[PDB]
Amino acid sequence: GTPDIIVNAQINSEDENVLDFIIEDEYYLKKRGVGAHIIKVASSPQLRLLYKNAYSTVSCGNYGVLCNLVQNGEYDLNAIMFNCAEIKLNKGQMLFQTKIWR
Amino acid sequence: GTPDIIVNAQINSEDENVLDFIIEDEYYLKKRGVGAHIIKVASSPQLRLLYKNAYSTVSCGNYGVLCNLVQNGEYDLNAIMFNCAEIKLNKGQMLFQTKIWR
Amino acid sequence: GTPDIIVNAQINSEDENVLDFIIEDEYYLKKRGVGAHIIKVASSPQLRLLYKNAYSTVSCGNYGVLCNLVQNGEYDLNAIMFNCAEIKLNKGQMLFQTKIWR
């Protein structure tokens with residue numbers, strides 16, 4: 001049972017309608033085939049933005065990310081990562097972004 | 001080959017721009033790891049709303065749900081569930097929602 | 001390690017706000033259970049449209065498709081296919097579409 005990948009949401013520096021999701025700790029996993037990895041998104045007030053408008057998930061690499069809003073409250077997010085290659089994520093690396101269409 | 005999870009779409013009571021997806025029958029599945037489960041969405045006229053505007057999928061628990069519109073017609077929907085924990089879904093339970101951005 | 005499914009984006013004939021994704025080569029794969037298949041989307045200028053507005057992924061069959069925008073540049077797209085049944089994709093067949101909400 002692989003450990004969860006931890007990210008923290010931050011407002012993008014350039015575009016206020018983009019949330020950056022940063023890797024909290026190094027995560028390296030040399031895997032084989034397309035795997036599913038649970039991503040743990042820390043609750044933060046910035047997340048509320050995702051509950052106000054449509055959005056598009058942006059991948060920062062060779063993998064796909066599935067995001068879902070949560071029924072309860074506006075400060076959480078569910079996310080699963082589908083890796084294509086081997087997992088070599090550095091701390092502080094950007095995993096993904098969500099672009100909000102206002 | 002696991003049996004499909006069956007849901008029925010209903011208009012949310014509070015927000016007319018939200019479709020609730022209710023579990024038709026009890027589904028319990030004590031699984032290990034992230035699994036993919038096909039969700040069977042019954043055709044219903046209410047689904048048409050998903051073909052008129054953008055939308056966001058809301059998860060009602062510890063799992064992620066992937067929805068796709070279907071090429072043919074406005075009364076269907078494709079959905080796959082990615083469970084994070086063991087599956088303990090009660091009949092009449094809400095699996096997920098789709099929030100439509102008008 | 002299954003080979004990637006190759007698609008090419010084209011503007012839909014009827015609706016200029018729809019991108020069609022056509023199968024480049026025949027891909028048949030009699031599989032068992034829900035599998036994940038990496039889809040290889042050729043870079044094309046038409047893709048830029050996905051980076052300008054919200055969109056909805058439309059599935060052309062019995063499978064689900066996960067799309068993600070890419071951090072770098074407006075001419076690429078990430079996509080993973082989750083097959084429900086056995087894979088019998090013909091060359092020139094439409095795999096999926098993306099409907100852009102302007």
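First the proteins, then the strands, lettered A, B, ... as listed; each starts at 1.
Tracing side-chain contacts under 4.5 Å through hydrophobic residues (I, L, V, M, F, W, Y), one reaches C:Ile100 starting from C:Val7; they form part of the same cluster. Residues A:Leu77 and A:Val58 do not share a hydrophobic cluster, clusters being chains of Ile/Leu/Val/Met/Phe/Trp/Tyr side chains in contact below 4.5 Å. In the hydrophobic clustering of this structure, C:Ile23 groups with C:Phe96; members are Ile, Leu, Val, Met, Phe, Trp, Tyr whose side-chain heavy atoms approach within less than 4.5 Å, directly or through other members. Cluster annotation: A:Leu29 is connected to A:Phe21 through the hydrophobic network of ILVMFWY side chains, with a link wherever side-chain heavy atoms come within less than 4.5 Å. Residues C:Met81 and B:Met81 do not share a hydrophobic cluster, defined by chaining ILVMFWY side chains whose heavy atoms lie under 4.5 Å apart.
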>> For a salt bridge (charged side-chain N to carboxylate O under 4.0 Å, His left out) check, start with the C-alpha distance between C:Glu74 and C:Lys52, then their side-chain angles and the critical distance, and finish with the verdict.
In response: CA-CA 9 Å; C:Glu74 319 213 323; C:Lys52 285 358 197 157; 3.4 Å; yes
>> Apply ring pair (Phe, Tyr, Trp, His ring centres under 6.0 Å) to residues A:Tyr63 and A:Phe82 and explain how you reach the verdict.
In response: CA-CA 5 Å; A:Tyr63 47 77; A:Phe82 305 88; over 10 Å; no
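When the shell of 6.0 Å around NZ of C:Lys40 is examined, it contains 12 or fewer heavy atoms from other residues, nucleotides or ligands. Under a cut-off of 6.0 angstrom, the local environment of NZ in C:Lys88 is sparse, with at most 12 non-hydrogen atoms contributed by other residues, nucleotides or ligands.
Side-chain atoms of B:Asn68 come within 3.5 Å of backbone atoms of C:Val65 as a donor-acceptor pair (strictly under, hydrogens ignored). Side chain of A:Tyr27 to main chain of A:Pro3: a donor-acceptor pair is present (N/O by atom type, distance under 3.5 Å, no hydrogens or angles). Remark: the backbone N or O of C:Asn17 is paired with a side-chain donor or acceptor of C:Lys99 at under 3.5 angstrom. Between the A:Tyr51 side chain and the A:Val70 main chain, a donor and an acceptor come within less than 3.5 Å of each other. Side chain of A:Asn78 to main chain of B:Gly61: a donor-acceptor pair is present (N/O by atom type, distance under 3.5 Å, no hydrogens or angles).
The two atoms that bring B:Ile38 and C:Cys84 nearest to each other are CD1-CB, 3.4 Å, heavy atoms only. Annotation for C:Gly64 and B:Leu66: closest pair C-CD2, 4.2 Å, computed over non-hydrogen atoms. The nearest pair of heavy atoms linking B:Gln46 to B:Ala9 is NE2-O, 2.8 Å. What you find for B:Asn83 and B:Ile87 is that their closest heavy atoms are CB-CG1, 4.1 Å. Nearest heavy-atom pair across C:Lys31 and C:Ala36 is NZ-N, 4.2 Å. Contact detail for C:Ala79 and C:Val41: the closest heavy-atom pair is CB-CG2, 4.3 Å.
To the nearest 0.5 Å, atom OG1 of residue A:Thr98 and atom CG of residue A:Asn12 are 9.5 Å apart. Rounded to the nearest 0.5 Å, atoms CG (B:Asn8) and CG (B:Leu95) are 11.5 Å apart. Atom CD of A:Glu24 is separated from atom CG of A:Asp4 by 11.5 Å, given to the nearest 0.5 angstrom. Here the CD-OG distance, from C:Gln97 to C:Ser56, works out to 11.5 Å after rounding to the nearest 0.5 Å. Atom-to-atom distance recorded for B:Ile80:CD1 and C:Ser59:OG is 8.5 Å, nearest 0.5 angstrom. Between atom SG of residue C:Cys60 and atom CG of residue B:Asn72 there is a gap of 9.5 Å, rounded to the nearest 0.5 Å.
Counting only heavy atoms from C-beta outward, the side chains of A:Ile5 and A:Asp25 never approach each other to under 4.5 Å.
Hydrophobic cluster membership of C:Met94, counting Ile, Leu, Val, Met, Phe, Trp and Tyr whose side-chain heavy atoms lie under 4.5 Å apart directly or via other members: C:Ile22.
In this model, a donor atom of one side chain and an acceptor atom of the other lie less than 3.5 Å apart for A:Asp76 and A:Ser43. Side chains of B:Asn90 and B:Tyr28: a donor-acceptor N/O pair is present below 3.5 angstrom, by distance only. Under the 3.5 Å distance criterion, with hydrogens and angles disregarded, no donor-acceptor pair is assigned to the side chains of B:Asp20 and B:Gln10.
Residue B:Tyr55 is tested with B:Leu69, B:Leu49, B:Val18 for a side-chain contact (heavy atoms from CB on, under 4.5 Å); the sole match is B:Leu69.
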